[PDB]
Every structure is written in structure tokens, then in C-alpha cells.
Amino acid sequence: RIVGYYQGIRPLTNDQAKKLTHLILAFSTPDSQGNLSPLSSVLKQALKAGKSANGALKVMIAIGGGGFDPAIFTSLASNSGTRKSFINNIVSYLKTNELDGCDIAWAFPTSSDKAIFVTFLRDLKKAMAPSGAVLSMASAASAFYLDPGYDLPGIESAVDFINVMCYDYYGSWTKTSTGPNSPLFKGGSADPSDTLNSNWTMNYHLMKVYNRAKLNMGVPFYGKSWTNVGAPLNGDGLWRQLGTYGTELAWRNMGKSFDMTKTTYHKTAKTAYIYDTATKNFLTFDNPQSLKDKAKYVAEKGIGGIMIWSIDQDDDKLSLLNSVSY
């Protein structure tokens, strides 16, 4: 599988559509009653572009998302009556909007949600099964969220695949140092963390699920910046004194603001970063090399596919998607 999430940053091109097996439009959100927000114009355009260019492509709607209040999912899913009506609305929405499935993006289920989340996904799949609509969900990357909220065997028993979000390992909340948004591995002896890497997150999933073919390893087409960054903490320039958080930058916008010839490729972590000694700017990101190393890992581990957040962040020449694709 090559599962591409899509945010409406720019049109979906005919070339992109052919490189995916699944296109996940993001997002629709439910209200407190379980009514889904209408599909936006930019997302509807991508549905049409995708199906026109690739008649095998499955176009799905992601429901929820990182900005969406998880207490609304709690409310809808915990009451058997509202669960039923929410599910019926989801299935009606797929029909009305000519969609092939849906992704539940609940950020994040708590310990009180763990069992009802599984019931919701099981009951949703039952309602979707006659039409063959594809069901997926997005899963977290650290034990902090995974252990309380995610019964991975129960989830697996309901869904067609699990989109594992192996990114956002460092970010605006980080107080200790710079670090990689999405490395493949722990970065050697200077790395202060054993777990903030894609390999740890995927291994956690591999030890819990029955069939690893049901997993997709998520990869980001964006990176993150800090400014006023200082010296390495322990001899390795990936982890540097802070500094002020910048923002999340799509790949397509990085090279206009950073000199990409200064890229450092961390050979142990398999991650790309730039520290600019003239400006003290820092950029952690994924590039063609990091994605090639990640695709190789997915194949080596027998993981069922690669998920991308998000394909519209790629440049006009599809540097990132072609690296995953080729």
C-alpha cells in the first residue's frame, strides 16, 4: 500500500494519483450530534482528480484529525444510541460524496475510550462491509498515548489497515533540545531517547498486532524549524541547545528558506537536518534519502505499506513521493 493523506494545500495532480493505492482526504469533522461537516471544495476536487487519473485508487475521508476535540469522539462512541446514528451518518456520507471508505483520526483516545473505540470501529466496519468500503484508523507513536488508549488487537480485528503516525517526535512542546521530527532509528550513543523514532514505534505495533500486513508506517512530507539554536548538547549536532520554536514547513517550501546543500544526513538515525551556523536556524525534515531508507525498512520488516502525511506538501516534481514510489 501507498496511503496518501491530502490536506488541500494545492491540487492533486494526475501523476500523484497514479502513485497511490489510497488517497485519504483530510478532514471532515463530526459535530456533537454526529453530523459530518460537508466535504470542502478543495477535497472534492481531489476526489475527482484522483479517480479520473487512477481508476484503481480508493478515495477515503479522514474524520477528526489533530485539531479536533477528542471529547466529541468519546461522546459519540460511548453511547450505543449515538454510536449507531453516527455510524449510519458516516455510511450515508460515503454514499452521498462518492467515497470508498473512511479513516478515523482520533487524537487521542484515553484509557476510558479504549474499549468503546474498538466497539465503534467493529460496528462501523459491519455497516461498511456490503459496499466494500475501506476502514482505517490513525495510531499514535509513543507509549504515553498507545498504552492507555489503543487496544491494537481489537482495533486490528475491525479495520482494513492501521496508519501509524511515525512523526512529531519533537515539536513545539519540546523543552530539552532540538531533535528529529521523524528519524528512522535511535541516533547512537548521543541520542537521549530510545523511543522517539519510527523503528521503536513500529516495533511496538509489531509486538501487539496479529498480522503486520495490516500496518502502514507513516512518513512526513514536512519538517520543523527552530531559531536562535546553539551548540550540540553532547557532541552531536542533531540535539542542540534551544532556541525558539519556528513552525512546521512543507517540503515544497523548505528550499526557498534554507540552503539544502547544507543538509546533514545522520547516518545512524537516518534523518536529515540543517544547522545554519550563519543564522542559527535549525531544520529537521525528511528528504529523498530518508524516505528511501524508510521504504527499505518497510520492505525488510514485512510491514503492509507506507502512509504519507501529506502528499500535497511534496514539491511540484514529486521528489518525495517519487522516492517512496521508485
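Heads up: residue numbers just count along the shown sequence, starting at 1.
- [ ] Name the higher of the two by mean Cα B-factor in the PDB entry, 192 to 200 versus 241 to 249.
- [x] Per the PDB entry, the higher value belongs to 241 to 249.
Task: Mean Cα B-factor comparison, 92 to 100 or 217 to 225, giving the higher one as deposited - done: The entry gives the higher C-alpha B-factor average to 92 to 100.
Open item on the list: Just to confirm, going by the entry's C-alpha B-factors, which of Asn181, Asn234, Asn211, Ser131 comes out highest?
Closed with: The C-alpha B-factor peaks, among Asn181, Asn234, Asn211, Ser131, at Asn234.
Open item on the list: For the CA B factor values reported in this entry, which option in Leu283, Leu291, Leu57, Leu39 has the top one?
Closed with: If I rank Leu283, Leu291, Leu57, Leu39 by C-alpha B-factor, first place goes to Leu39.
Task: Among modelled residues of the same chain, the CA temperature factor third for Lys256 - done: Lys256: CA B-factor falls in the highest third of its chain.
Task: Chain third (lowest, middle, highest) by recorded CA B-factor, residue given as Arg122 - done: Tercile = middle for this residue's CA B-factor.
- [ ] Among all modelled residues of this chain, ranked by Cα B factor, put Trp173 in the bottom, middle or top third, i.e. lowest, middle or highest.
- [x] Highest third.
Open item on the list: Sorting by Cα B-factor within the chain, modelled residues only, which third would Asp314 end up in: lowest, middle or highest?
Closed with: Ranked within chain, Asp314 CA B lands in the lowest tercile.
Task: Ranked C-alpha temperature factor of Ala138 among modelled chain residues, by third - done: Its C-alpha B-factor, which the entry lists for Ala138, ranks in the lowest third among residues of this chain.
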